[PDB]
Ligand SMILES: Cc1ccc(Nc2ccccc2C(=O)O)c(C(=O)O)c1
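Okay, so here's just one chain, in structure tokens, the form deposited without the ligand.
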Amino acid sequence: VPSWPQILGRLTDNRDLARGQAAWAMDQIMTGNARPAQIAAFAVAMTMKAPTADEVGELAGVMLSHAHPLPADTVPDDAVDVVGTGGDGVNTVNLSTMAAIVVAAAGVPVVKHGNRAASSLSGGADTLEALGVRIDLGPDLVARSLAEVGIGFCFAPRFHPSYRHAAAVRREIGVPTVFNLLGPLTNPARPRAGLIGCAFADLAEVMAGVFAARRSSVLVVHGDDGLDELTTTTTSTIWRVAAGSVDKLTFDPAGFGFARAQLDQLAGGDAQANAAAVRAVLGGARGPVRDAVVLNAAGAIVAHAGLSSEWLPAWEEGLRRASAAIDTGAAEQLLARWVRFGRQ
């Protein structure tokens, strides 16, 4: 029978867990039956042991079993996510949130998982909130947002109430652990595609492994400068997940005509500063930030195409649609229509 001394002892002995043990642990944590000390011990122990795809898969599986689902037949089968682990410690503009809006305006259904900042000044949820977008909608209203606007936002705490004990321990110990991976892996709407950012180069492959087990079409991205984003300051490492297999690639924006940028050119601020930065990009303003948004939006579109079916043509078409979605004003319009939807 499973117990904490058994599982913790196994992890501290640097052993992989038996099937079901990670699942048992997470379920204890989600049902409020685990002491903070046990939660912390488990989180740390698994991280230093080096999590397997199976183990992390079991953790996310439990979370999704307890998560508030969206109503049946309300999420298109080709819906995409654009979200990162966060915690790169750079405080950039909200590239995922900006990319998600552009991708939606390009005609790709987007059901975005998100959350407030943890280590940054303003996270996606914070910036969206500052734009007038509603980040408090339940399953039904998110479904309506998807249908009517083309984009929905699932605020993780709203859909994962049982995760509050784990989230508290994350806050207390501060150090990143395997828990930092679970957000991007537990979109309640369960889209089968997405552009997933990972700040931790050593854990990106594991994330990709989990998505692969689900037969998802995902690009797990880690900027070689440390961003949990497709960066423009240098190359990016992409773990391409397609047909249940992971393929490690290095991506260079220069190969698609993009100039190198400095990190301070992508720097952000508070929610109001970042909101203004969203408006600028969608407004047609050229520069480093636009390039970053277009590239990331294109990545999400590449991930989308990996569902129904190569690499260079997909990116070239992705870059086209993302740029066009901005230049026609569609992305700017979608945001406006999104804000109005909430007030209605």
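The numbering used is simple: start at 1 and walk along the sequence shown. Under this definition, the rigid core comprises the largest set of C-alpha atoms superposing within 1.5 Å between the forms.
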item	value
More variable segment, 103-111 or 169-177 [Cα RMS over structures in 6 other deposited structures of this protein, core-superposed]	169-177
Segment of greater CA departure in 6 other deposited structures of this protein, 287-295 or 41-49, core superposed	41-49
Unmodelled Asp136 in at least one third of other entries with both flanks present	no
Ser308 not built in a third or more of the other entries	no
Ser309-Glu310 interval: deposited residues absent from the model	1 to 3
Selected stretch [higher average CA B-factor]: 296-304 or 283-291	283-291
Between 147-155 and 95-103 (mean CA B-factor, as deposited), the higher	147-155
Highest-ranked of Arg134, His113, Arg164, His222 once sorted by CA temperature factor in the record	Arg134
Selection by C-alpha B-factor (highest) of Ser245, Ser216, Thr186, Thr85	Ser245
Third of the chain, ranked by Cα B-factor, where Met30 sits	middle
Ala41 - Cα temperature factor, lowest/middle/highest third of chain	lowest
Cα B factor band for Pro51 (lowest, middle or highest third within the chain)	middle
Chain-relative CA temperature factor third for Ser120	highest
Within-chain third of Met207 by Cα B-factor, per the entry	lowest
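Note that the form solved in complex with the ligand isn't included here; everything after this is about it.
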{"item": "In the entry with it bound, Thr186 touching the ligand (heavy atom, 4.5 Å)", "value": "yes"}
{"item": "Contact of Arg134 with the ligand in the entry with it bound (heavy atom, 4.5 Å)", "value": "no"}
{"item": "Heavy atom of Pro157 within 4.5 Å of the ligand in the entry with it bound", "value": "yes"}
{"item": "Touches the ligand in the entry with it bound: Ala167 (any heavy atom, 4.5 Å)", "value": "yes"}
{"item": "Answer option from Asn115, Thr74, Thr237, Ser145, heavy atom within 4.5 Å of the ligand in the entry with it bound", "value": "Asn115"}
{"item": "Residue among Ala275, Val289, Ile39, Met63 with a heavy atom within 4.5 Å of the ligand in the entry with it bound", "value": "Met63"}
{"item": "Heavy atom contact within 4.5 Å of the ligand in the entry with it bound, the stretch among 241-249, 217-225, 261-269, 157-165", "value": "157-165"}
{"item": "Residues in 6-30 close to the ligand in the entry with it bound, defined by a heavy atom within 4.5 Å, in order", "value": "none"}
